[PDB]
Each structure stands twice: as structure tokens, then as C-alpha cells.
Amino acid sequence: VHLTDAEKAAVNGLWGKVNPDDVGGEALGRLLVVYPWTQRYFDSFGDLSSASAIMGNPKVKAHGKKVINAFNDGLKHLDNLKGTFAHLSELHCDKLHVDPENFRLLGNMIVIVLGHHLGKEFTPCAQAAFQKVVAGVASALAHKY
């Protein structure tokens, strides 16, 4: 978790002009569409058999709100990411048995949704800074293992 002063100003300067709840909703929704096997882990979610269904699913939107809230903690405490994501690391790896490679997939979904929502403002430099973050958050949840 580098984040220089220029990378700091880019991350929170651009994070402040998106709706974080919607970002988490769409990014999760897209993960379920693009990588369909992830649907299995979310069986508490009801029907997940189509693109129109899973994007309109309330349980999905509510959970993206949960997922982005945990992500938001990360930005505040980039100094101790491994300790911030302590409980969640245990949850995904022991109770849920989620393969670590799936973490970097959801991270990528977050990244492209920002781009989807921001367009030309999501510059190559701003991607790099957000890429450093999502990779850090991925290796903080996996890191048993």
C-alpha cells in the first residue's frame, strides 16, 4: 500500500464524487454476471438465473452496500489493512471457504465501475492508485491461508 501524496489526492478526490452505495451494488452485480460461479456462494440471495434478475435484486444491492462500507474502512486505515480486515478474513476463508483469487476479481469489478461512472476523469494515473488499493484489500482478506 504505497499511495504517495499525488496518489492520495487522486483516490479521495475522485471517491468523493461517486455514490459509493451504487458502486458496490453494480460491481457486485457485475461479478455475479461476468463470473457466474460466484453465484453459488450467495445462495441466501434467492433467484440469480439472469442478468436482469441479479442487477435488480435488492439482496444484491444491500450486500454491495455492506461490501463498499468495509472497503471504505480500508481507505481510512491504509496503514493497518491486515488488522482492519481481520474478522472478514476469517469469515471468507474458514466459514465460507471462498478461494482468494475471487477477491482480486471483485476488486477489478470495483475498478471498472469507477471508470464506468467517471469516464475521462478516471485517468490512467487514477487507475494505478485505485489498483494499488484493491490489490491491497484482496491480499488482506486472503492472507491466511
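The first residue of the shown sequence is 1; numbering continues from there.
Visitor: Out of 119 to 127 and 9 to 17, which stretch has the higher average CA B-factor listed in the record?
Guide: 9 to 17 has the higher mean C-alpha B-factor.
Visitor: Taking the recorded C-alpha temperature factors, which stretch has the higher mean, 48 to 56 or 97 to 105?
Guide: According to the PDB entry, the answer is 48 to 56.
Visitor: Relative to the other modelled residues in the chain, which third contains the C-alpha temperature factor of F42: lowest, middle or highest?
Guide: Ranked within chain, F42 CA B lands in the middle tercile.
Visitor: Please place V34 in the lowest, middle or highest third of its chain according to the CA B-factor in the PDB entry.
Guide: It falls in the bottom third of the chain.
Visitor: Mind checking which third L91 falls in for C-alpha B-factor across the chain?
Guide: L91: CA B-factor falls in the highest third of its chain.
Visitor: C-alpha B factor of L78, ranked within the chain: lowest, middle or highest third?
Guide: Its C-alpha B-factor belongs to the highest third of this chain's values.
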